[PDB]
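Undergrad: Next up is a structure, given as structure tokens.
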Amino acid sequence: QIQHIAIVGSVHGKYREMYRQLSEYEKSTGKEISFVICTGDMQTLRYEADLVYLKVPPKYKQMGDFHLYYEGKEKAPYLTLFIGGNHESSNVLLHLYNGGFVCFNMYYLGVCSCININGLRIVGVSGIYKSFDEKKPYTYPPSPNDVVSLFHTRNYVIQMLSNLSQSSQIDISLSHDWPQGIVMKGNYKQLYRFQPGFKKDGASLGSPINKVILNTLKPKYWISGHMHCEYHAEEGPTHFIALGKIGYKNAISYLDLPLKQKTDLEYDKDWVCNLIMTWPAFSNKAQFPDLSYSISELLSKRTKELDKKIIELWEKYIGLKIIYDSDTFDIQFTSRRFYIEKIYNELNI
Ligand SMILES: [Mn+2]
């Protein structure tokens, strides 16, 4: 009993083409896709006004396909999970920094999070690395002046994710840009001949944030897009897989994993606990996180009984199953934060 998981690189707003490719797999092979994982550059523009938040070179200022799905004209055939890249409707993703459905069957994992599906634990890290923004807080509501900085990966996600492999392993981890250094742990020679532009960065190619996270959690798989190429490498127990951009053949691959239990998309318990316990750092809706707080210290307060109560409270107000919610994203921002704050305050601490 195996589950077939589609892994996708950069979409660049080409959804109909991606799904058309995907259905041509379930027929060319007769295999069934359990679900789809996308590693970024989703460009989830709802309508024209969102073009403001899409940082792209001029020739790529396009609406793409997403809005058809947002309108209901098109329907995603597979449950599709994704993180943010460097080309996004960044206002939408900020509204959903704590994750959310952008439309039917399309779930954004947020700035970072861990989810559960079919007995798997999947960790996501959105964005790309620029050193000058790694300590920048998020400002809310989103402003057009932040189009250039919103998609940069913050350092704080390291602390948010670091304890996640304490109780069980991490099956799959996603990022947009590559973990730094991992280019050297594969056939980088074969790569360079095909991508001469990568040679210059050397071992420094990729994100140091993702490097730390990979080393700390050592997932079974690490999947990245962004680099417009196919690539494999091995860092200890972790299989690295890089994917190209939709419209080209290196863009989609498939993971045939053992399916132990079929199980709906669910919030990860440990992630939920971290999410609740770090609330004080995120209590200012205008500017977060507040790094006068230590994410680590806040998370050191996790105890078994506390975790147990959190999961009970989460299950009550929100539910363990991640379900589709068609409320406008600004409502979902406020709503999820309302319940996070409620749960924390009920712990009495
Ligand atoms: Mn990219």
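Using Swiss-Prot numbers, chain A covers 5-353, in order.
Positions of Cβ are set from backbone N, Cα and C atoms, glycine also.
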Undergrad: Which single residue out of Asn90, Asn149, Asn254, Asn278 does Swiss-Prot record at the divalent metal cation 2 site shared with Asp45, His180, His230?
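TA: Swiss-Prot lists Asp45, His180, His230 binding divalent metal cation 2, and from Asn90, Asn149, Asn254, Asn278 it also lists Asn90.
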Undergrad: Can you tell which of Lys59, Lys264, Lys266, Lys273 Swiss-Prot lists as binding RNA with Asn90, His91, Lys134, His156, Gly201, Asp205, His230, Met231, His232?
TA: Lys59
Undergrad: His230 (divalent metal cation 2 binding site) to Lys59 (RNA binding site): how many Å between their Cα atoms?
TA: 15
Undergrad: Do you see any of the binding-site residues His91, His156, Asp205, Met231 whose C-alpha is within 10 Å of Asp45 (divalent metal cation 2 binding site), and which ones?
TA: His91
Undergrad: Counting every protein chain present, what is the number of Cβ atoms, excluding its own, within 10 Å of the Cβ of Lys59 (RNA binding site)?
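TA: Total other Cβ atoms inside 10 Å, all chains included: 17.
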Undergrad: Looking at the binding-site residues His180, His230, which one has the fewest other Cβ atoms within 10 Å of its own Cβ?
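TA: Each of the binding-site residues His180, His230 was scored; lowest Cβ tally within 10 Å is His230.
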Undergrad: Suppose we draw a 10 Å sphere around the Cβ of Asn90 (divalent metal cation 2 binding site). How many other Cβ atoms does it contain, all chains included?
TA: 22
